[PDB]
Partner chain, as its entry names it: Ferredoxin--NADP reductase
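Given next, in structure tokens, is a single chain: the form solved without its partner chain.
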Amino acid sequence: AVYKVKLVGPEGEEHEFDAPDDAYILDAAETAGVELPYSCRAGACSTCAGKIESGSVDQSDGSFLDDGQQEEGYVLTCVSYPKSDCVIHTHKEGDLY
């Protein structure tokens, strides 16, 4: 399945694109010409942190966020598979200190 993902940046800018259910959101975003922050690309840091506003993802390949943070809606975009249409706020690394 191919879902629709909308990213909302720190300045209010928006990006909307197709995201295959078998591709990481970060990779789908790059295919769509969006430059997002990232570093390890392995789910082991907080650089690519984003926050789900709606929709759901599978970020089980990640291991940096604890259940609390995940409950609040934080997602590691570099290891997140979309499971439905999503609206995610990017550049949220600052929230994870």
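Numbering follows the first chain given and starts at 1.
Relative to its counterpart among 28-36 and 58-66, 58-66 has the higher mean temperature factor, C-alpha atoms as listed in the PDB entry. Ranked by Cα temperature factor within the chain, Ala42 sits in the highest third according to the deposited record.
In this PDB entry, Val2 carries a Cα temperature factor that places it within the middle third of its chain's modelled residues. When the CA B factors of the chain's modelled residues are split into thirds, the value for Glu11 lands in the highest one.
Same protein, other form: the form solved in complex with its partner chain, not shown, and the subject of what follows.
Although the partner is absent here, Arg41 sits close enough that one of its heavy atoms falls within 4.5 Å of its partner chain in the bound PDB entry.
Residue contact with its partner chain in the bound PDB entry: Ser63 places a heavy atom within 4.5 Å of it. Looking at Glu71, you'd find every heavy atom of it more than 4.5 angstroms from its partner chain in the bound PDB entry. When its partner chain is considered in the bound PDB entry, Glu53 lies well away from it, no heavy atom lying within 4.5 Å.
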